[PDB]
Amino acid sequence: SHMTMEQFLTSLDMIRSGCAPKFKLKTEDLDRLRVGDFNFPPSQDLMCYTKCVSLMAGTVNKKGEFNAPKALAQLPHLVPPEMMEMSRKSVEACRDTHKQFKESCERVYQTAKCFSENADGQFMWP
């Protein structure tokens, strides 16, 4: 019921593989999100890609509403022990970001961006 850092790093690629084919995406954009650099304008496809990833994680519903209690319960299935506290801190800081947006892909993308900005360590997106 926990993952090692090695398993986490590899999981990023497996998660991406289940979402990227549904969209038209630029490799440079994915590379930037992979290192937690959300400092560039996203396309709708890129935003919806973040929703696809989060749906797989079970942290949002299809309306893009972020579920903090469920996200906290899913953390051991998503990140290694080394990143748990950073992630718990970001879940709390970003739990209401979705309330500022109406469209599902934007709700998720803005939440992921908030996680990347609040991260007190390196942040990696699938």
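Residue positions are given as counts along the sequence shown, with the first one as 1.
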The stretch carrying the higher mean Cα B factor in the deposited entry, 58-66 or 23-31, is 58-66
Pick between 96-104 and 36-44: the one whose mean CA B-factor in the entry is higher. 96-104
Lowest, middle or highest third - CA B-factor, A73: highest
Once the chain's modelled residues are ordered by C-alpha B factor and cut into thirds, is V53 in the lowest, middle or highest one? lowest
